[PDB]
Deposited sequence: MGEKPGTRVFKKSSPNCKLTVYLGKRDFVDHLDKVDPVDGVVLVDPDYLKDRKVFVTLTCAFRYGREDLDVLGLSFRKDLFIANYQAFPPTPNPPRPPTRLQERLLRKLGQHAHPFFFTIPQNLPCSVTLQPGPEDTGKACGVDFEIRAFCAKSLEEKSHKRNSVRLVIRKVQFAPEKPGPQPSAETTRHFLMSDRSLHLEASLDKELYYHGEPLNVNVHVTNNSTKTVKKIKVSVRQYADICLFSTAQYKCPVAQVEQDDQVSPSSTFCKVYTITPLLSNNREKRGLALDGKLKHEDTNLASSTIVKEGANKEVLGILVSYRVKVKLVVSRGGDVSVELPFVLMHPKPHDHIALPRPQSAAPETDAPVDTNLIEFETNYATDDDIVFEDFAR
């Protein structure tokens, strides 16, 4: 029937419940965080129970893990008092939040957070060989613990740490096909090898294929040995260690040759999937690599209202159409496109940690 997510403190005393692991950014706004929390025996009566929602840029290891953490920027923190409750604010507990409130104790209390759109989206990198940089990325952590006030905490033992995803969704806007790409190469004379390509649309979702349309007008004297069609990711760190991963995440090729004084045309179907990549290399994900539900990081959006450095990493995509050339020298074009997170997509407790 219905599915709900739980993680409980190491001591098992405190537990958190939630309807969504992933929260969508709609540009316009963001799914809300509507959860509940359960601290059974008396903790501490004198001691209040809190919930924290933090969003930070980390560089050096992952996981806001102290050891190796070279740099960290807070981008947003929220608290508010679960128990006791508080006059605040839009308290109307989602239907789910209600059914949950009676399935459990009288000491299950609601809790909610509302997250600004302008914030970056969950994203994660970890360099290859290496590429000298350390790992980094943006995180959305939810902490939940007790203590008499906020300026006193406790190592995880009596708290609960868990991390949510903010995935970026965006609508298919009408408009021109990913600007075709034109280009002429004169290789030694006045006779041109002309290349021309296009995409069916400007925006794609995770899974969606793309249909690269390619037209070659080869009046040249050389020969096109092959035609390699790929998708490249471009990820630029904007905090602390400026750096720039470029990397193909999909790659198609056939036995396609084009003769001098010929003409050739064809449509390639290409699909960019994190799942089709063995080596992460310096790739930009939307969550931990090990997790099945992880995808290539979504294009980062034109940027709403906060802007700047403060997006941490800066993911972006391109199709590349390249013509390998016999007597040498290779002709190409690049078509930029945006890749968003899909959304044309009896309570049962399922373990939160993926």
Open item on the list: Going by C-alpha coordinates, which parts of the deposited sequence are missing from this model?
Closed with: 1-5, 351-384
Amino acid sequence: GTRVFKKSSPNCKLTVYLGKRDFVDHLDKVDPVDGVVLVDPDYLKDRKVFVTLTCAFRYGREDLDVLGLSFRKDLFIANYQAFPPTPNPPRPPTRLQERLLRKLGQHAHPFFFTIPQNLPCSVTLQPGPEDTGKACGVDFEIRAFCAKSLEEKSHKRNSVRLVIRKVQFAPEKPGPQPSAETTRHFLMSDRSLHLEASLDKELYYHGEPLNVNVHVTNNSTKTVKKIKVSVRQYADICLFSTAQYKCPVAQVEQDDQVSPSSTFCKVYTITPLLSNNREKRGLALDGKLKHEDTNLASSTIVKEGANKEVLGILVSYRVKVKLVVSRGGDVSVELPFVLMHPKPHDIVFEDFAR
From here on, numbers count along this sequence of modelled residues.
TODO: Please work out which of 283-291 and 37-45 has the higher mean CA B-factor as recorded in the PDB entry.
DONE: 37-45
Task: Entry-level comparison of average CA B-factors, 121-129 and 227-235, reporting the higher stretch - done: 121-129
Open item on the list: Among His107, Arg143, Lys246, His194, where is the Cα B factor highest in this entry?
Closed with: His107
Task: Most elevated Cα B-factor in the entry, residues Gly68, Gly312, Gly305, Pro32 - done: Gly305
TODO: Can you work out whether the C-alpha temperature factor of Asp255 puts it in the lowest, middle or highest third of the chain?
DONE: highest
Task: Chain-relative CA temperature factor third for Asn211 - done: lowest
Open item on the list: Test of reading the entry: by CA B factor among the chain's modelled residues, which third contains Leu64?
Closed with: highest
Task: Among modelled residues of the same chain, the CA temperature factor third for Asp346 - done: highest
Open item on the list: How does the C-alpha B factor of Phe169 compare with the rest of the chain: lowest, middle or highest third?
Closed with: middle
